[PDB]
Amino acid sequence: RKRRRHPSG
Amino acid sequence: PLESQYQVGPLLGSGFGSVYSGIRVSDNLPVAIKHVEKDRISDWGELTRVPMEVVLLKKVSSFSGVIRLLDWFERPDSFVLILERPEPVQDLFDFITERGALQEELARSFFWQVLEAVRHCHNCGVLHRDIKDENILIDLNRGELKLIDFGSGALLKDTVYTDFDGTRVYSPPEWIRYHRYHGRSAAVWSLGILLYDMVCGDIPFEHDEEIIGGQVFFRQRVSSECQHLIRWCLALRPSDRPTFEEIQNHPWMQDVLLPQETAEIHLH
Ligand SMILES: Nc1ccc2c(c1)NC(=O)/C2=C/c1ccc(C(=O)O)cc1
């Protein structure tokens, strides 16, 4: 499955 | 002068942030040069009025598990932060992307070092509030982890927080439901997300409903002891979560590798 970064905010 | 003390190299990292590789001319110390726009600064502190990030970095700048602030400059529209840059490094997010789920021995060593680093922050009066694999560097030669980017942090307090600027998918359910949390128990929740991430290869929750749902499905083979530690960190009720001491006394956490052992066995 799609692993992704997650920006802060 | 700013452009006279440092040789400024290329941009670092993997978005809308501005951190440059650099070397200090005095002694060729590798540095990271972080530019922060005044107009984008959330909270301000005082020493001289500076971004809170500078205040927090100064408080933890003693111990090598946290990024060290070496200096800072003010400019018309920005502040510039000179951070001590380890090398060679990869951040933990890319590390897990490339290697998949980590062996528990390796995750134990990593998680332990993150615990020691966060304990150091709290002992210094600093709450990071954005613990995640993207904010952790791995010194691939020494096997040492570094917590970075205190740009969402706050002074540690014992009363309730009602603001939050970190990463939503690492935030606890009391933040999702009620927009409040206490610092330590919120930190422990994010540490549970982080530990799951390490031993399963990705974070457990992507949507608010999963975060508040309080069910942890394991997608990889994970030892019963590790599963129990993770589920404990992700207790829905904050006061049900372990303290740092209870985490580090958990049976899964015993017999940790030293950093150098970690590098020789798993990183070299
Ligand atoms: N993926 C990735 C992310 C960061 C860095 C990197 C690669 N290589 C580096 O040397 C970094 C240095 C660094 C240190 C501190 C801070 C901060 O405190 O915000 C940001 C970046």
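In each ligand, atom 1 is the first atom listed, and ligand 1 is the first ligand listed. Proteins get letters first, then strands, A, B, ... in listed order; numbering begins at 1 in each.
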(message) Under 6.0 Å from the ring centre and within 45 degrees of the ring axis: does the NZ or CZ of B:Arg219 meet both conditions for the six-membered ring of B:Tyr196?
(response) no
(message) Can you name the atoms of ligand 1, numbered from 1 with element, that are less than 4.0 Å from a heavy atom of B:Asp91?
(response) 1 (N), 2 (C)
(message) For the 3.5 Å polar cut-off, considering only N or O atoms, please tell me whether B:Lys34 and ligand 1 meet it.
(response) yes
(request) Identify, by atom number and element, the atoms of ligand 1 in contact range of B:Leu83, meaning under 4.0 Å from any of its heavy atoms. (result) 15 (C), 16 (C), 17 (C), 18 (O)
(message) Could you go through B:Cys233 and B:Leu195, starting from their C-alpha distance and side-chain angles, then the distance that decides it, and tell me whether this counts as side-chain contact (heavy atoms from CB on, under 4.5 Å)?
(response) CA-CA 9 Å; B:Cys233 291; B:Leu195 181 45; 5.8 Å; no
(message) If you measure every N or O of B:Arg85 against every N or O of ligand 1, does any of those distances drop under 3.5 Å?
(response) no
(message) Please give me the minimum heavy-atom distance between B:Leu236 and B:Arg241, naming the atom from each residue.
(response) O-NH2, 3.1 Å
(request) Report yes if the distance between the aromatic ring centroids of B:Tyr170 and A:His6 is under 6.0 Å, otherwise no. (result) no
(message) Suppose I only count heavy atoms of B:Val89 and a 4.0 Å limit; which atoms of ligand 1 are within that range?
(response) 8 (N), 9 (C), 10 (O)
(message) For B:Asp202, run the salt bridge (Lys or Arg N to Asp or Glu O under 4.0 Å) check against A:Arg4, A:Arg3, A:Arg5, A:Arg1 and tell me which one passes.
(response) A:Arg3
(message) Once you measure the plane-to-plane angle for B:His250 and B:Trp232, does it fall in the parallel (<30°), tilted (30-60°) or perpendicular (>60°) bin?
(response) tilted
(message) Side chains of B:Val188 and B:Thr243, heavy atoms from C-beta outward: is any pair under 4.5 Å?
(response) no
(request) Using a 4.0 Å heavy-atom threshold (strictly under), name the region of B:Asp149 that reaches ligand 1: side chain, backbone, both or neither. (result) both
(message) Please classify the B:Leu81 to ligand 1 contact at 4.0 Å (heavy-atom distances, strictly less than): side chain, backbone, both or neither.
(response) neither
(request) Have a look at B:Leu137, B:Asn135, B:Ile33, B:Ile67 and point out the one with the heavy atom closest to atom 12 (C) of ligand 1. (result) B:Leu137
(message) Checking the N or O distance criterion of under 3.5 Å, is ligand 1 in contact with B:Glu53?
(response) no
